[PDB]
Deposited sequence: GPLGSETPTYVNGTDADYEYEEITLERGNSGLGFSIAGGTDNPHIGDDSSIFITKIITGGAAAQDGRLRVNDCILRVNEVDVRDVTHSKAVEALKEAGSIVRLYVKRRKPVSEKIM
């Protein structure tokens, strides 16, 4: 009852083009890192695959299933210009 997707984004001037919430130290009742917003015109919205409330499992090879919010934010800041996102959604 979960669907998985690997998604590769090209960092833009406004970053990857989405916002995240969650973490062990935090929205949504659990520790998961999840998308809350996809920015019109940004990287994630031009690639077309990421969805609001998608749950980020891995950023490149960094496992973000059990991290603080900042570690996740930093895992994304430091992921390079071509970024492999591994996600799952309730669909």
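Visitor: Spell out the unmodelled ranges of the deposited sequence for me, N- to C-terminal, numbering from the first residue.
Guide: Gaps in the modelled chain, taken against the deposited sequence, lie at 1 to 16, 43 to 44, 110 to 116.
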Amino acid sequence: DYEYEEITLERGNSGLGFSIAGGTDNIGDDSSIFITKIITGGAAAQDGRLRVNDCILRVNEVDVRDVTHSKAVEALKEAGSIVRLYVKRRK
From here on, numbers count along this sequence of modelled residues.
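Visitor: Quick one: higher average CA temperature factor, 41 to 49 or 27 to 35?
Guide: Per the PDB record, 27 to 35.
Visitor: Could you check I82, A21, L16, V73 and tell me which one carries the biggest Cα B-factor in the deposited entry?
Guide: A21 has the highest C-alpha B-factor of those listed.
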